[PDB]
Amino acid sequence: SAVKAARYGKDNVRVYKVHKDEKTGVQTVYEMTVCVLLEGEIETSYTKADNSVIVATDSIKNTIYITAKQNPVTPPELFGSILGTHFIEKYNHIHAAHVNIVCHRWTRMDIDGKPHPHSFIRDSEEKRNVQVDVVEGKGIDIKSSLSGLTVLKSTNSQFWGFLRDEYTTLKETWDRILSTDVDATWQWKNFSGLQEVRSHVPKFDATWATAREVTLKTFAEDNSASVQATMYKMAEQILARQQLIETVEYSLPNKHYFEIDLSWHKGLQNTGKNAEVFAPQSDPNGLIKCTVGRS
């Protein structure tokens, strides 16, 4: 047998960084979880117990904290590119660095209507993520995402006109609840290297803001024919709003809220126009995926 593929490194590296403006006393905090996996001429660590080719996962962990000390950790697209570039440049025999970052929310507190200089709240488990693949000779491939953005609308969702056969029980509806956990990913044009990533740094925060704003507005305002039709509208707007993105991907659960027929109890009316009380369904869930690109 032979090694067809291999990658290794350190996962679940928790990092915090603080910025202190000594002039204003304003502090800004950043918290992330980092994974770095390396590829290269490392076959022999698997086949021949040749540890000489292994940059120790412990050393990869140290390198994450050192890089965080010596560079901005924002935007995560840039930090990931710096960290990935370090490994392929430092080590002749390392040819790819795969850097995943989950960014945790620390939103500045407003106390008596003024932003507090050094106190933060985790407003939601919503994440901002990157996958940065730094490949020697093939530049830097960046996927950006937001995930765990949990939303519900109580009307202006519909689902009718779907295929009906001997497997179908679902009633058509012209008025339902729609609730999802938004996972939205935008795939950047290939970058030639760290210089080109740096040249575009402001577009990262901007495009995340756009993706989040388009997601929330389209969800709120679309009189939805389906998850499919609504998610496509989000993707096409994001593409129209950032030329450097090639594709937008959505992965959306349909988190069902079922009507509860109470007519067995004192003729209580709680269906159709009378529906007030619903049973949120933990499982199963619809799962709807799309990747949208330019025509």
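All residue numbers are counted from 1 along the displayed sequence.
Taking only CA atoms, the mean B-factor in the PDB entry is higher for 106-114 than for the other of 106-114 and 185-193. When the two stretches 277-285 and 19-27 are set side by side, the higher mean Cα temperature factor goes to 19-27. Out of 153, 127, 203, 98, the entry records its largest CA B-factor for 203. Highest C-alpha temperature factor among 230, 237, 251, 254 per the entry: 237. In the PDB entry, a CA B factor belonging to the middle third of its chain's modelled residues is recorded for residue 65.
Among all modelled residues in its chain, residue 242 ranks in the highest third by Cα B-factor. Placement of the Cα temperature factor of residue 133 within the chain: lowest third of the modelled residues, per the deposited record. In this PDB entry, residue 146 carries a Cα temperature factor that places it within the lowest third of its chain's modelled residues.
Sort the modelled residues of the chain by CA B factor and residue 71 lands in the highest third.
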